[PDB]
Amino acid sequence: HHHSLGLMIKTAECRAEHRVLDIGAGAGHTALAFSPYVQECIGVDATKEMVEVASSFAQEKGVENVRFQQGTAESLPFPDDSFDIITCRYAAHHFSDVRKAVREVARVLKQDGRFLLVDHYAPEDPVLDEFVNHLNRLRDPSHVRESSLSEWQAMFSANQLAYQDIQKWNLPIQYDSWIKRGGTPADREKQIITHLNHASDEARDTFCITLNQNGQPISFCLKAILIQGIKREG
């Protein structure tokens, strides 16, 4: 995943003196990437098991200035106007209330502070929408929703956040490995496979469905993007 991550560093326009907050931080890859360039990274993740991974991994790469902690995006501990940068990467489709999360991002971000949000997203067409969302709840039962770009813009505007699409790009997925990494049972996998085999034309177009002649999926694409948001006023 080095591309999404590099873009954020290019787009973030770091400063020696900045403080960074990585939300849904995971094994903490974003949080570490930033570390050489900013003062301090803080990262939150909901699962405690992930805080530990993150924090030991930090230690393993011996970086002093990043630290992880447990919490949720819908309720960040931190004070208002207390970060220059916030990163959120392939985590939002997991939040149980993305509306609130943005509101919190808004709160805790400083004025003219930047929100670098990377994720994949539903196309505007609701039918294509369901398609890509249903393909992912099937793979990952923890998948809440990948909101659409209209939706992201409406949320940004709703929170005095100035929306800019830095760059889109298709996310190739190699079906076979995607399944492994995701741990899915062969029950669900059969539903995934039916799903991909009965794709509308529009669907197998928009998501690059490539299949073995036996119906067995080779590959497809998610729609990745990097929105950047900047806290202005209302």
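Residues carry their position along the shown sequence, with the first being 1.
- Of the two segments, 141-149 and 116-124, the one listed with the higher mean B-factor is 141-149 (C-alpha atoms only).
- 161-169 and 35-43 differ in mean CA B-factor, and the higher of the two is recorded for 35-43.
- Annotation for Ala224: C-alpha temperature factor in the lowest third relative to the rest of the modelled chain, per the entry.
- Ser200: CA B factor in the highest third of modelled residues in this chain (values from the PDB entry).
- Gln70: CA B factor in the lowest third of modelled residues in this chain (values from the PDB entry).
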